[PDB]
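Counting convention: from 1, in listed order, for ligands and their atoms alike. The figures here come from the full heavy-atom set of this structure, side chains too, leaving out hydrogens, waters and symmetry mates. Sequence lines set the chain letters: A, B, ... in the order given, protein chains first and strands last, and positions in each chain run from 1.
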Amino acid sequence: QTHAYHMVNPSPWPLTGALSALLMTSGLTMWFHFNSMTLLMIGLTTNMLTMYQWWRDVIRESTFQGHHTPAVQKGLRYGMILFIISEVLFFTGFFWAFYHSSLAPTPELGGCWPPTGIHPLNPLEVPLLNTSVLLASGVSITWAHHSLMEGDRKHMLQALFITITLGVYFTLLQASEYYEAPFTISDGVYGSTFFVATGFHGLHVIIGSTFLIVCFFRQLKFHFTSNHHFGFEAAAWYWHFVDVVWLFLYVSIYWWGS
Amino acid sequence: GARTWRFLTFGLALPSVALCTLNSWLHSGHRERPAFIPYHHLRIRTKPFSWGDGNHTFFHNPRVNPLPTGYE
Amino acid sequence: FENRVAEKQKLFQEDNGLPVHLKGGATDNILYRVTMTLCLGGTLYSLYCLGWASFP
Amino acid sequence: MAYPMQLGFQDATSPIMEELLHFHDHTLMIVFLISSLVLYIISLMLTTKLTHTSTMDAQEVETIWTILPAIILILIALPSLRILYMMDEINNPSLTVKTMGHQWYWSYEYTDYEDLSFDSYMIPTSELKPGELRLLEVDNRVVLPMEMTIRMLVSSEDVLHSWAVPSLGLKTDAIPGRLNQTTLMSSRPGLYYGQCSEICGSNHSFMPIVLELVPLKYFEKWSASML
Amino acid sequence: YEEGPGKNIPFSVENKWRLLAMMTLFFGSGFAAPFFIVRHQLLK
Amino acid sequence: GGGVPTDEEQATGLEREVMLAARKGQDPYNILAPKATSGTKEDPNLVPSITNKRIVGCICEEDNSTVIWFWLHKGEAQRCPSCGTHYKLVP
Amino acid sequence: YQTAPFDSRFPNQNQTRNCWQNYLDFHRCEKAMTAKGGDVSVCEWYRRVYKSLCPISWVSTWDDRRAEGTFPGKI
Amino acid sequence: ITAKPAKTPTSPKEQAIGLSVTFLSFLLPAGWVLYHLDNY
Amino acid sequence: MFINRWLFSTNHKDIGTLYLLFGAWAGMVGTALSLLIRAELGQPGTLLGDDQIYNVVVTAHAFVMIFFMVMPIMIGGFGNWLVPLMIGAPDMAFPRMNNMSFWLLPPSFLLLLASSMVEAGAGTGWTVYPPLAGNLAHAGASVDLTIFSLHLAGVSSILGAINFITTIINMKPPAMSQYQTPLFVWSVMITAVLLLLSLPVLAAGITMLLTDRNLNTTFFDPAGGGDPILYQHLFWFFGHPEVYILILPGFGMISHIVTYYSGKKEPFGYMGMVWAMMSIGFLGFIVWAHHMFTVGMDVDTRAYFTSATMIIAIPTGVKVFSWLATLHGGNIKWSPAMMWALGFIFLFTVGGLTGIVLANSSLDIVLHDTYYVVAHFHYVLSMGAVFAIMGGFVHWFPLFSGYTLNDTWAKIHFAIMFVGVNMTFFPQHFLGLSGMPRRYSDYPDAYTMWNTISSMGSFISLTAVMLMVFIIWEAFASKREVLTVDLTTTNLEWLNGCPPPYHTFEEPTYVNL
Ligand code: HEA
Ligand code: HEA
Ligand SMILES: CCCCC/C=C/C/C=C/C/C=C/C/C=C\CCCC(=O)O[C@H](COC(=O)CCCCCCCCCCCCCCCCC)COP(=O)(O)OCCN
Ligand SMILES: CCCCCC/C=C/CCCCCCCCCC(=O)O[C@H](COC(=O)CCCCCCCCCCCCCCC)COP(=O)(O)OC[C@@H](O)CO
Ligand SMILES: CCCCCC/C=C\CCCCCCCCCC(=O)O[C@H](COC(=O)CCCCCCCCCCCCCCC)COP(=O)(O)OC[C@@H](O)CO
Ligand SMILES: CCCCCCCCCCO[C@@H]1O[C@H](CO)[C@@H](O[C@H]2O[C@H](CO)[C@@H](O)[C@H](O)[C@H]2O)[C@H](O)[C@H]1O
Ligand SMILES: CCCCCCCCCCO[C@@H]1O[C@H](CO)[C@@H](O[C@H]2O[C@H](CO)[C@@H](O)[C@H](O)[C@H]2O)[C@H](O)[C@H]1O
Ligand SMILES: CCCCCCCCCCO[C@@H]1O[C@H](CO)[C@@H](O[C@H]2O[C@H](CO)[C@@H](O)[C@H](O)[C@H]2O)[C@H](O)[C@H]1O
Ligand SMILES: C[C@H](CCC(=O)O)[C@H]1CC[C@H]2[C@@H]3[C@H](O)C[C@@H]4C[C@H](O)CC[C@]4(C)[C@H]3C[C@H](O)[C@]12C
Ligand code: CUA
Ligand code: NA
Ligand SMILES: [Zn+2]
């Protein structure tokens, strides 16, 4: 080749990923209808196996084999931005469901929002703490980024560790909230919108935290250079996306919808 | 630079978290649970849940989450 | 920790004809066989489950 | 109702169906003309040995290709929107009737004065009286006064249905938890047929609507007899 | 990998009659499937 | 506070080759658009190749949307069949 | 009274809230008049309008819920 | 487009076989089901 | 070697070939389902004796044709084969992720064929509206297997969209601007943008339906304060962009085919064609509620959706007139591909025009949920997509395979198909105007004649499908290997021969400024 692009070795992971999707969906069906978790647990296992080996191979190709030329890195930049945009539109559908329900509350609700019998969480208690936590993690991840560009191993690791710790604190605070909440997913459209929207957000926080932990261990193993660290940038963009989705949830569901 | 973002982390961001943590831990006491009313728009059961006895939500809290028939 | 990237660059650039998903050595082969066996077995099990659910 | 080998709309029973007929004739003329011009221009492009294969300048012709269609759309939209606003225009109904969709039949409620309500089921083919219409007759017709503005309210007690009467220009979805309003005015007595117009499961094809339009005096006698 | 006409496909075109068998099974299985699903639902 | 490797210390494989070639002003991996000569028979556009032919796309005039594609062969300069611009292959 | 007249508060195809509002209005008035032993004939306009517009099954569901103590609107 | 002569020319008789086999592969299975709808 | 090549592919050409095979197979399934629909309607009374099965057949027909036939062939097949070749790129940006977009489709299809085999199927319509699609009116696994089928298909196309946008932005020759890329490449980039934005909204909506069916949510259930009409908004916010997704790549192939067989170096008004496709893609996001003119929305909303919908005719007309202006002055080669493309222009125009009729909410009251709508989309989508596919297939078959078709057979095939689809769908206009509802297993006696003719047309199109398989067999059986094609100077995908080597553009093109 006298181009800069990456011709990827033939790989089984697309097929194992596709089969993991079949096992997870057929597994959910077998859990909801046929009282069994077997297929679902095989599909969750094969999904984690697939993602581990696929992203391992991407590390091998880049850090160890040198395939990420500037042109390849630029492609991955576009790919992550476009992925985040698809994730924004996914959340938009849940925001649309929330505003649809809350702006025109039906007679079954008492014709009011929040519905009759719903006692919202106080948005100035743990929801406000969660907001300070994710905003603070946006500052610390930015400190990590700058440390890395400036060649500062120790301060990159400290900043990234602080960012992960905040992600975990949010997740434990939200788990605790969920358990103390006097309303459930089954408490009509108020519970439906609250738990499905904040639930998908919580999944994204765990995904994002997991990505940051991957970056933390790669940094510990000296994989990042001061100039080449796209996995760190991608995880930072993803992390900022998770913060911004939280801010929209906080204003919409917790504050305006209370 | 890194110096500025570290200054913001320790000088503003973590102090905010410390203060919201204090604010939260001062309002952390258990609220008195409201009288049970079997409202038809709440405690929805169109299909049994796929776990436990089919009638308990996933993060069911006996103290604050009544069943369709009331507090356990 | 010490910087051992050069030694991983040497391993993953060895002229041995292996594809990247197996180039780490025998452990790659075990993890590949576990994955593929679970996927193929799980898929055959999903088909059985379909045959079962297709009748009352 | 439709008749065999029918090409167009059922004859208008209401002033707004009449308006839709005139509006369809206008729009169809434009559809015909544009359809025909494209076919004709295809045949014109394909029937000469003369050639011009060098770069052609597109700027001037694209003015024509955008302005002419924009004018044509305005000429469709003006009458379209006039009729839209007529079918919304405040009227004073003298009567309100509710219909509730069910799997698979309609119920009717006349609750202005008395609590009158009844179910309206398709007559099975095996039970049709000689000369009665397969899939269209019901046991209990919607008795209504002619030459009067009527408010129909449409809802459902189960899945989505849609309450339609093509000869009156009517189609309103029947949505549980929602009360949808339409206006009905028949210029004529007679029987006016329609069919459920939102897929509602296995018997979607078999829950028709039959209006029976009679003079007010007869509508009153029928209401009175129902006590 | 083999290159060239009849070599860039997951099926053989070495023998036109074996090919006809494979094409028949391939498109025929697809076309038959809805008739057999309808049969299946009726036999319930 | 250091301990982060640099591209110069740690880049490898094609990333490193691209990095070293850019330091010398060379473009072996075809990252940059080559700048046209006047394209006359005396001053033909010089098209590098690792082999004896390479596909040329000719944007005959600035802002043409139509690109003209042809194989350029080793040997006598060839001309764009749309604008007549000269191209010469330099293995 | 023939039927419920046009109500500029509810000018659109969705008449759900018109039915709901008149049902609430009638029962709020009936409570106000019964609570002094006053006279429920003052509430007659709201009664005629809700009976005209509201599905029988909605009226019947709401009545059951008022008696059960699960009606979610304020009366 | 220009092409080499057919490496393995398919005669009118070979075409009648391929066509017949192709049509039958569509018609026989569907025909069997539709013919037996009564039995189902 | 067989498993490495066809199961572990990282090759844009092999993956395109897998998508074409997958789509051709899916088209047989979708056609079988269409013939069962028309067999139930071909005489008055009942054929199947089970209207739930009819409803399942109609539902599966639509899902197979849209998700397994059109999008795989257009985007997965022609997209993967042609895009890299038309921009001189060595492969897709994400050649391994590309393989997973492909391998998600067989599992997606399996989930749909499982929906139909368990309980009584999903007899919902392809819209899957609650409450019919809910856990009371459709109890059991069928609707959940349909939701999951759509999730896998959704992920396949979202990842595929990221791949195409990235490849088309990042992997052109450095001198090539976006205004120097072929119209087919534009059509795929714009289709990929519509997919990236619309599929996530569908995924949100069908996830809400999943949770209403299984986790006691009430997004669509009035008892909990929910609204069935919310589902409709989410579904159609995706569903209108989806109909533009289905035709845009077809627009791109048509531009190439008309240009090629007119003997032109270029389509007429290149920048107008890019503008038109971008305009259609943008307007396609602000019109969705024309699928909801009978649900009881406000008059001013109806007025807005009528007006916005009609605007799309302007850019669309620019394309139609631009195709005609490409033919203008051409040395016309009456190849079978040209015939497909001329059929496309005409039939697409007819269906587009019945679209403009339906845009008028007032008339839509009477035409909504009738055979007029079915007529509209079988012209613009069913014939538009299919004619564009068959045109592209007969044009590029020799590039992909290395072998020529028999042109006379291909023309016979075109002729049979043109007669069949018109005999099938044209009479559906009459059925719609005269008031026959769609989604019906049987009809009042007055509708018998046009249903009879429509069903007889469906058999003509079946004869065409069977002949098409014969024609592909004859080309592989005879082995006439391509030597030369004309107009390679303006059709770069041909310049590496037929078929092109496994690896093309290892040495990229030279393009100067
Ligand atoms: C290829 C797929 C495709 C395409 C491109 C279109 C294109 C259009 N469609 Fe259609 N549509 C469908 C597929 C498609 N549609 C499907 C599948 C459904 C049903 C879904 C379901 O319910 O299952 C449907 C349904 C549908 C409805 C809902 C009807 C109802 O259910 O009651 C409406 C309403 O406005 C609509 C309108 C349009 C319009 C205005 C266009 C326009 O984009 C067409 C514009 C083109 C032209 C106008 C012709 C070319 C132009 C000229 C030659 C210029 C001059 C013309 C004029 C001045 C008018 N279509
Ligand atoms: C692309 C979309 C598409 C295609 C191609 C078709 C094709 C056909 N459809 Fe349609 N149809 C829909 C989309 C499509 N349909 C949708 C969305 C609905 C609505 C569902 C609902 O109500 O919920 C529907 C509904 C619908 C109905 C209404 C059902 C009802 O309301 O009760 C009818 C009635 O006749 C019908 C008939 C047909 C027929 C006879 C064919 C065909 O037989 C016409 C001829 C076409 C072919 C035979 C295809 C050939 C192509 C190949 C075989 C691919 C080859 C591949 C390669 C060369 C690579 N379909
Ligand atoms: C701590 C922070 C965040 C934690 C995240 C969640 C933990 C457990 C499950 C993980 C997955 C979550 C994703 C979102 C899905 C739906 C519901 C999740 C929200 C949640 O956890 O809500 C709980 C209910 O969970 C339930 O029903 C059970 C949930 C389990 C079953 C879910 C199955 C549904 C999966 C849907 C898959 C769709 C995938 C979309 C792919 C799209 C591709 C285009 C709330 O508990 P509760 O007792 O009602 O009220 C509290 C009372 N004190
Ligand atoms: C208990 C846990 C349960 C939950 C599990 C669910 C999943 C969790 C997974 C979290 C994601 C981990 C992703 C790790 C990716 C590691 C590979 C990586 O980061 O690869 C980098 C490239 O980035 C790239 O491909 C970028 C690749 C980006 C991957 C994007 C990941 C977001 C994934 C979202 C997953 C789906 C969510 C949808 C839910 C609806 C490699 O290049 P550099 O970094 O420049 O290195 C090279 C230098 O060393 C040279 O000097
Ligand atoms: C109900 C349950 C249904 C859900 C089933 C889930 C479906 C499938 C199972 C998913 C298995 C995932 C396995 C890992 C996939 C990793 C893809 C990846 O990371 O892809 C990268 C490209 O996409 C990029 O960057 C950016 C994009 C990274 C995307 C990561 C994958 C996420 C998949 C789920 C997201 C759906 C979207 C949610 C929005 C609605 C790399 O591309 P490659 O071609 O590989 O390499 C190129 C080389 O140059 C690298 O050195
Ligand atoms: C090398 C690979 C090895 C493959 C081994 C697969 C792992 C699981 C196999 C056992 O299958 C399980 O059997 C349990 C019954 O015997 C099920 O009980 C389930 O059903 C219960 C009903 O009592 C519910 O409480 C729960 O859903 C659950 O416990 C459980 O769901 C199911 O998974
Ligand atoms: C390496 C590749 C992977 C290979 C896959 C391994 C396949 C495992 C087969 C085990 O089958 C299980 O049998 C259980 C016991 O018979 C079922 O119990 C379930 O069904 C029971 C029926 O008695 C109920 O008690 C409960 O729902 C529950 O125990 C359960 O559904 C099912 O999974
Ligand atoms: C939607 C597309 C459908 C198009 C229809 C295709 C045209 C018909 C093709 C032939 O199909 C066959 O027809 C035979 C009858 O001609 C059937 O024999 C059946 O009837 C015979 C005689 O009547 C018996 O001898 C056999 O045992 C018996 O199976 C046979 O099953 C069936 O395969
Ligand atoms: C001593 C060691 C040196 C790492 C190295 O240079 O190889 C240092 C560098 C940065 C350190 C990390 C950062 O200080 C952040 C964390 C601080 C906590 O008190 C311990 C864990 C914690 C995650 C540290 C682990 C360990 O002490 C690290 C990894
Ligand atoms: Cu009721 Cu269709
Ligand atoms: Na029938
Ligand atoms: Zn030139």
Side-chain angles (χ1 to χ4, degrees), chain D residues 30-31 34-35 37-38 65 68-73 76 101-106 156 158-162 174 195-201 203-207, chain E residues 31 35, chain H residues 23-24 26-36, chain I residues 32 35-36 38-39 62 66 70 125-127 132 236 239-240 242-248 250-251 280 283-284 287 290-294 305-306 309-310 312-321 348-361 364-365 367-370 372-374 376-382 384-385 437-440 458-459 462:
Chain D
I30 298 167
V31 170
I34 296 164
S35 274
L37 187 72
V38 167
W65 297 355
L68 254 52
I71 290 178
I72 293 163
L73 295 176
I76 293 162
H102 311 264
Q103 291 176 316
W104 291 273
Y105 67 95
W106 298 95
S156 173
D158 51 42
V159 301
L160 306 176
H161 305 269
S162 193
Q195 301 183 276
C196 180
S197 298
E198 184 66 29
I199 185 174
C200 59
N203 282 223
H204 174 51
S205 308
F206 310 123
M207 49 174 296
Chain E
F31 191 77
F35 298 93
Chain H
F23 278 38
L24 291 175
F26 277 87
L27 297 177
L28 290 187
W32 189 92
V33 170
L34 290 180
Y35 176 99
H36 289 93
Chain I
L35 288 166
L36 280 162
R38 284 259 52 104
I66 291 169
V70 175
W126 87 281
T127 42
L132 177 58
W236 284 119
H240 189 85
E242 176 61 18
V243 308
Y244 295 97
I245 285 158
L246 288 167
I247 207 66
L248 282 158
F251 290 173
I280 287 167
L283 294 167
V287 300
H290 68 223
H291 299 277
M292 300 170 65
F293 285 148
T294 69
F305 280 98
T306 288
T309 299
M310 281 200 300
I312 299 175
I314 298 169
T316 310
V318 168
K319 303 194 67 61
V320 169
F321 298 133
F348 176 81
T349 290
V350 170
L353 284 168
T354 63
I356 290 296
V357 176
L358 288 167
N360 296 284
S361 73
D364 190 63
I365 297 305
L367 299 177
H368 182 65
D369 242 296
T370 77
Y372 198 92
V373 179
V374 182
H376 158 63
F377 68 79
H378 285 89
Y379 271 86
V380 75
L381 164 62
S382 311
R438 70 185 276 198
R439 285 161 173 186
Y440 271 32
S458 73
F459 270 42
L462 168 64

Undergrad: So which heavy atom in the protein is nearest atom 10 (C) of ligand 8, and how far is it from that ligand atom?
TA: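 That would be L28(H) CD2, 3.8 Å.
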
Undergrad: Check each heavy atom of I34(D) against ligand 1 and say whether those closer than 4.0 Å belong to the side chain, the backbone, both or neither.
TA: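 Side chain only.
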
Undergrad: Which protein N, O or S atoms lie under 2.8 Å from atom 2 (Cu) of ligand 10?
TA: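 N, O, S partners closer than 2.8 Å: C196(D) SG, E198(D) O, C200(D) SG, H204(D) ND1.
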
Undergrad: Got the closest protein heavy atom to atom 27 (C) of ligand 1, with its distance?
TA: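 Checked against all protein heavy atoms, atom 27 (C) of ligand 1 sits closest to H290(I) CD2, 3.7 Å.
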
Undergrad: If the cut-off is 4.0 Å to any non-hydrogen atom of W126(I), which atoms of ligand 1 fall inside it?
TA: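 Reading through ligand 1 atom by atom, the close ones are 21 (C), 23 (O).
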
Undergrad: Please classify the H376(I) to ligand 1 contact at 4.0 Å (heavy-atom distances, strictly less than): side chain, backbone, both or neither.
TA: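 Answer for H376(I): side chain.
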
Undergrad: Got the closest protein heavy atom to atom 37 (C) of ligand 1, with its distance?
TA: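 Minimum-distance protein heavy atom for atom 37 (C) of ligand 1 reads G355(I) O, 3.3 Å.
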
Undergrad: Tell me the protein heavy atom at minimum distance from atom 29 (O) of ligand 8, and give that distance in Å.
TA: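 For this ligand atom, the closest protein heavy atom is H36(H) CE1, 3.5 Å.
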
Undergrad: Please state which part of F293(I) comes within less than 4.0 Å of ligand 1, counting heavy atoms only: side chain, backbone, both or neither.
TA: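 None of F293(I) does.
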
Undergrad: Is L36(I) touching ligand 8 with its side chain, its backbone, both, or neither, if touching means heavy atoms under 4.0 Å apart?
TA: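 Near ligand 8, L36(I) shows nothing, with every heavy atom at 4.0 Å or more.
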
Undergrad: Tell me the nearest of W32(H), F35(E), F26(H) to atom 31 (O) of ligand 8, using heavy-atom distances.
TA: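 Checking each option, the heavy atom nearest atom 31 (O) of ligand 8 is found in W32(H).
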
Undergrad: Quick one: look at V373(I) and ligand 1, take heavy-atom pairs under 4.0 Å, and tell me if it's side chain, backbone, both or neither.
TA: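 Side chain only; the backbone of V373(I) stays clear of ligand 1.
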
Undergrad: Does any non-hydrogen side-chain atom of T127(I) lie less than 4.5 Å from one of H291(I)?
TA: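 No. Closest side-chain heavy atoms not under 4.5 Å.
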
Undergrad: Write out the residue and atom name of the closest protein heavy atom to atom 41 (C) of ligand 1, then the distance separating them to 0.1 Å.
TA: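 So the nearest neighbour among protein heavy atoms is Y244(I) OH, 3.6 Å.
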
Undergrad: List the closest protein heavy-atom neighbour of atom 11 (O) of ligand 8: residue, atom name, distance to the nearest 0.1 Å.
TA: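 Result: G31(H) CA, 3.7 Å.
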
Undergrad: Is the ring pair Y440(I)/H204(D) parallel, tilted or perpendicular, if the boundaries are 30 and 60 degrees?
TA: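 Rings of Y440(I) and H204(D): perpendicular, as their planes differ by over 60°.
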
Undergrad: Counting non-hydrogen protein atoms only, what is the nearest one to atom 16 (C) of ligand 1? Give residue, atom name and distance.
TA: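 Here the closest protein heavy atom is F377(I) CB, 3.3 Å.
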
Undergrad: Heavy atoms only, cut-off 4.0 Å: how does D364(I) contact ligand 1, side chain, backbone, both, or neither?
TA: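 Side chain only; the backbone of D364(I) stays clear of ligand 1.
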
Undergrad: Just to confirm my output: which protein heavy-atom neighbour is closest to atom 3 (C) of ligand 8, and how far is it?
TA: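 Ranking protein heavy atoms by distance from atom 3 (C) of ligand 8, first comes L34(H) CD1, 3.8 Å.
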
Undergrad: Applying a 4.0 Å heavy-atom criterion (strictly less than), which segment of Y379(I) is in contact with ligand 1: side chain, backbone, both, or neither?
TA: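 Neither; no heavy atom under 4.0 Å.
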
Undergrad: Just let me know how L246(I) lines up against ligand 1, side chain, backbone, both or neither, with a heavy-atom cut-off below 4.0 Å.
TA: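 Answer for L246(I): neither.
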
Undergrad: Return the residue, atom name and 0.1 Å-rounded distance of the protein heavy atom closest to atom 2 (C) of ligand 8.
TA: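 Looking only at protein heavy atoms, the one closest to atom 2 (C) of ligand 8 is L462(I) CD2, 3.8 Å.
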
Undergrad: Looking at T309(I), which atoms of ligand 1 are within less than 4.0 Å of one of its heavy atoms?
TA: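 Per the distance check, 35 (O), 40 (C).
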
Undergrad: Looking only at protein heavy atoms, which one is nearest to atom 22 (C) of ligand 8, and how far off is it?
TA: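 Minimum-distance protein heavy atom for atom 22 (C) of ligand 8 reads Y35(H) OH, 4.3 Å.
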
Undergrad: Taking 4.0 Å as the limit for heavy-atom contacts, which would you say applies to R438(I) with ligand 1: side chain only, backbone only, both, or neither?
TA: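 Side chain only.
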
Undergrad: Which one of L27(H), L24(H), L35(I) has a non-hydrogen atom at the shortest distance from atom 4 (C) of ligand 8?
TA: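 Checking each option, the heavy atom nearest atom 4 (C) of ligand 8 is found in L27(H).
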
Undergrad: State whether the shortest distance between N or O atoms of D369(I) and N or O atoms of ligand 1 falls below 3.5 angstrom.
TA: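 There is no such contact.
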
Undergrad: For ligand 1, which atoms have a heavy atom of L381(I) less than 4.0 angstrom away?
TA: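 By the 4.0 Å cutoff, the relevant atoms are 1 (C), 2 (C), 17 (C).
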
Undergrad: When the ring planes of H102(D) and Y105(D) are compared, do they come out parallel, tilted or perpendicular, using 30° and 60° as the limits?
TA: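 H102(D) vs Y105(D) ring planes: parallel.
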
Undergrad: Nearest 0.5 Å please: distance from the CG atom of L353(I) over to the CG atom of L358(I).
TA: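 Rounded to the nearest 0.5 Å, the CG-CG separation comes to 11.5 Å.
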
Undergrad: If the cut-off is 4.0 Å to any non-hydrogen atom of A359(I), which atoms of ligand 1 fall inside it?
TA: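 Result: 34 (C), 35 (O).
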
Undergrad: Do you know which of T354(I), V350(I), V357(I) makes side-chain contact (heavy atoms from CB on, under 4.5 Å) with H376(I)?
TA: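 Of all the options given, the one that passes is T354(I).
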
